[PDB]
Amino acid sequence: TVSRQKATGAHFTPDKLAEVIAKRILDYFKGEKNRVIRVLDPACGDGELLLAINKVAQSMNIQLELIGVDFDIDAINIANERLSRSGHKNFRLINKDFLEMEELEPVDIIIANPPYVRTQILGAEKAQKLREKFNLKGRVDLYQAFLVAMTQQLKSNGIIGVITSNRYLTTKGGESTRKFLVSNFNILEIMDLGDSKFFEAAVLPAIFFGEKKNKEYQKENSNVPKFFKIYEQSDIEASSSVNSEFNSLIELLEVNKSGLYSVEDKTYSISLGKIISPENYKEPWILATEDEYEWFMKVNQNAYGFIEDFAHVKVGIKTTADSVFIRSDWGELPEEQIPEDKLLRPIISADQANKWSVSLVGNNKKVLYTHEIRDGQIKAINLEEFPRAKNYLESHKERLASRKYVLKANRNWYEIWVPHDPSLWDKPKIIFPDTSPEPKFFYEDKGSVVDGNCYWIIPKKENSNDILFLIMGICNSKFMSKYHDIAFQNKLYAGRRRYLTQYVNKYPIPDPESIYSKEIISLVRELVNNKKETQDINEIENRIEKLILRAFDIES
DNA sequence: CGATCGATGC
DNA sequence: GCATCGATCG
Ligand SMILES: Nc1ncnc2c1ncn2[C@@H]1O[C@H](CSCC[C@H](N)C(=O)O)[C@@H](O)[C@H]1O
């Protein structure tokens with residue numbers, strides 16, 4: 001199920017992309033450049049990065065000592081053959097685990113593309129060892145441990161050029177990585193390659209260039225960190241101009257002017273600017289232009305608060321066996337195994353998501369809910385009281401009992417892993433999908449369950465009314481989409497944002513007592529009650545955009 | 001406990 | 001194309 005390429009992260013850097021990284025490294029290198037420079041690739045694969053940096057260095061008449069490490073002998077054998085045939089004799093390859101889970105003196109240059117292996121593939125046990133050894137936190141990825149490991153092999157004032165997944169820039173679990181990078185390096189440049197798809201794998205990579213700090217120093221300050229951001233721009237503004245003077249996508253990585261660029265069948269939006277105070281490592285690092293960052297600043301100052309202050313942003317249920325607990329064909333089961341109607345709760349998924357109004361006009365999904373309120377406490381149901389539902393779960397005994405995290409928690413083998421509080425489903429709530437290219441927050445007061453591909457919003461104050469309607473009008477607006485693309489830059493392919501709790505908690509909210517917020521609430525109340533409204537919903541939506549702009553005191 | 005994260009995945 | 005869904009961590 002898990003390929004050897006998946007578990008070992010064996011994806012080689014393309015030809016032209018490796019050359020781009022090598023050119024930027026040797027341009028940033030302030031070292032001597034007339035002696036032998038030692039270069040390290042801590043996961044060299046077939047030697048692609050070492051070949052690229054030597055080809056560039058030989059043009060500059062620089063002599064390199066190439067060092068490559070890889071724990072796979074097959075990669076070492078092919079890299080030895082390629083390096084030997086290149087003509088360069090001063091190279092050295094080591095077959096070992098670089099993380100050390102027999103010596104090497106520090107190097108002047110590191111060029112790297114470490115493997116990206118998620119915590120689930122590493123396993124919980126190996127992930128704990130990596131966190132304890134390399135001082136990492138959260139859902140650690142392998143490239144994060146390599147980042148710490150390879151940095152400790154770099155001389156002070158040495159240059160690093162390393163390409164990884166861009167997810168440390170915006171995820172909560174990237175906090176330890178951001179802290180380590182800004183602490184150990186004078187950040188030279190961060191390149192967010194976005195959804196350009198240089199690799200055959202579905203990944204959005206970032207390239208980090210930095211000069212390792214020396215323990216004795218100055219103020220630096222003469223170095224201000226810059227960024228380069230390129231994403232696929234599908235929709236083009238009617239008044240925006242496109243530059244088509246570049247032939248290949250790899251040439252766009254060396255442009256030095258922000259704007260729209262078209263290569264073949266796709267248009268790209270390239271942004272250049274400065275990293276703004278990366279020492280604040282607890283929030284995502286924002287890569288935005290001067291105008292975008294200033295607009296982002298004035299919204300926060302004029303904001304009355306944030307969603308986190310007014311409501312609980314929760315995830316839907318996580319059964320950890322969706323094809324067993326969530327079905328639409330309950331009536332088509334054998335009558336001996338059709339669960340009792342008390343247990344089958346209608347559940348809303350992401351494929352029924354629209355703005356304001358739910359697409360519940362066509363739905364039949366129900367969840368076999370396994371929890372209930374008993375003596376004022378949340379307890380799992382007793383199977384003896386539900387014979388038909390018991391037989392159904394008996395047929396799935398081996399798979400449901402395989403969930404080791406359920407048994408080590410001393411919970412019943414048949415339970416839903418995250419059922420939440422059964423009493424909270426009755427409250428009015430906002431629902432929205434996680435993976436979506438557009439906000440689809442909608443009101444729902446029929447007391448149904450929310451699926452794991454959606455999040456839901458319930459107020460902190462027990463007045464489940466106007467406050468939810470205000471939050472909807474804010475979240476669904478184009479105003480908040482602009483704010484989102486600046487502050488929370490976590491994108492999947494095809495322009496999909498991630499509407500996660502850690503992001504939606506930070507949405508700004510205006511004063512719910514101002515006359516502007518009062519009119520927004522009345523318009524949102526109309527959009528959910530008047531399902532006879534069609535097409536001219538856009539008319540109401542436009543009135544909300546101008547109201548939100550006056551509520552935050554800005555014209556965008 | 002309850003939200004995260006995805007060299008996405010099928 | 002286009003929207004995971006289940007191990008995981010705190
Ligand atoms: N623990 C470890 N120690 C050393 N190498 C490792 C490793 N885990 C994975 N690798 C190696 O890291 C490589 C990542 S693919 C990167 C290859 C090369 N850097 C390039 O850009 O083309 C794989 O070949 C894999 O064999």
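In what follows, chains carry the letters A, B, and so on, assigned in the order in which the sequence lines appear, proteins first and then strands, with residues in each chain numbered from 1.
Following rounding to the nearest Å, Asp141(A) (CG) and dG6(B) (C1') show an atom-to-atom distance of 9 Å. Taking atom CG on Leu122(A) and atom P on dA7(B), their separation rounds to 11 Å, with Å as the unit. Between the NZ atom of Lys404(A) and the P atom of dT8(C) there is a distance of 7 Å, given to the nearest Å. One atom, CG of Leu136(A), and another, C1' of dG10(C), lie 15 Å apart when rounded to the nearest Å. Spacing between atom CG of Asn166(A) and atom P of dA7(B) amounts to 12 Å, rounded to whole angstrom units. When rounded to the nearest whole Å, the span between CZ of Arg497(A) and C1' of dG6(B) equals 19 Å. For the pair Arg399(A) CZ and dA7(C) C1', the interatomic distance rounds to 13 Å; values are reported in whole Å. Atom CH2 in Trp417(A) sits roughly 11 Å away from atom P in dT8(C) (whole-Å rounding).
Here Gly138(A) lies in heavy-atom contact (under 4.0 Å) with sugar-phosphate atoms only. Nucleic acid contact class of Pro419(A) (heavy atoms, under 4.0 Å, all strands): none. Here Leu500(A) lies in heavy-atom contact (under 4.0 Å) with sugar-phosphate atoms only. Among the protein residues, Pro115(A) comes within range of the nucleic acid bases, having at least one heavy atom under 4.0 Å from a base atom.
Applying the 4.0 Å criterion to OP1 and OP2 of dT8(B), one finds that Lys6(A) has a side-chain N or O inside that range. The phosphate of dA3(C) (OP1 or OP2) has no side-chain N or O of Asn453(A) nearer than 4.0 angstrom. The shortest distance between the side-chain N/O atoms of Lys314(A) and the OP1/OP2 oxygens of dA3(B) is below 4.0 Å. For the OP1/OP2 pair of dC9(C) and a distance below 4.0 Å, the side-chain nitrogens and oxygens of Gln128(A) include no atom meeting the criterion. Listed pair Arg167(A) / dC5(B) fails the phosphate criterion, with no side-chain N or O lying under 4.0 Å from OP1 or OP2. When the side-chain nitrogen and oxygen atoms of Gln5(A) are compared with OP1 and OP2 of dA7(B), none of them lie within a distance under 4.0 Å. For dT4(B), neither phosphate oxygen OP1 nor OP2 lies less than 4.0 angstrom from any side-chain nitrogen or oxygen of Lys172(A). Residue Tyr493(A) places no side-chain N or O under 4.0 Å from the OP1 or OP2 atom of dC2(C).
In the model, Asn300(A) has a side-chain atom that pairs as donor or acceptor with a side-chain atom of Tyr483(A) under 3.5 Å. The closest side-chain donor-acceptor pair between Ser402(A) and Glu398(A), if any, does not fall under 3.5 angstrom. In this model, a donor atom of one side chain and an acceptor atom of the other lie less than 3.5 Å apart for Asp421(A) and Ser423(A). A donor-acceptor contact closer than 3.5 angstrom is absent between the side chains of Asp434(A) and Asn453(A). Under the 3.5 Å distance criterion, with hydrogens and angles disregarded, no donor-acceptor pair is assigned to the side chains of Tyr168(A) and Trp285(A). Residues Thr13(A) and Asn113(A) bring a donor and an acceptor atom of their side chains to less than 3.5 Å of each other.
Both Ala350(A) and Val418(A) lie near DNA chain C, and the one whose nearest nucleotide falls closer to the 5' end is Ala350(A). For the pair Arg498(A) and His420(A), nearest-nucleotide mapping onto DNA chain B gives the more 5' position to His420(A). Taking the nucleotide of DNA chain B with the nearest heavy atom to each of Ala201(A) and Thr501(A), the more 5' of the two is matched to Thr501(A).
Adjacent in the strand, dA3(B) and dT4(B) form a stacked pair, their six-membered rings being closer than 5.5 Å at the centres and less than 30 degrees apart in orientation. For the consecutive nucleotides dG6(C) and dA7(C), the six-membered rings of the bases sit within the stacking limits of 5.5 Å between centres and 30° between planes.
Residue side chain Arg139(A) reaches the base of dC9(C) through a donor-acceptor N/O pair under 3.5 Å, judged by distance alone. Checked by distance alone, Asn113(A) brings a side-chain donor or acceptor within 3.5 Å of a matching partner on the base of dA7(B). Between the base of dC5(B) and the side chain of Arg118(A) there is a donor-acceptor pair shorter than 3.5 Å.
Test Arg498(A), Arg496(A), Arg167(A) against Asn490(A) for side-chain hydrogen bond (donor to acceptor under 3.5 Å, both in side chains) and you get one pass: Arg167(A).
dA3(B) and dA7(B) have their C1' atoms separated by 24 Å, with the value rounded to a whole Å. Of the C1' atoms belonging to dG6(B) and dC2(C), the separation is 14 Å, rounded to the nearest Å.
Base pairing analysis places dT4(C) opposite nothing; no Watson-Crick or G-U wobble pair with both distances below 3.5 Å involves it.
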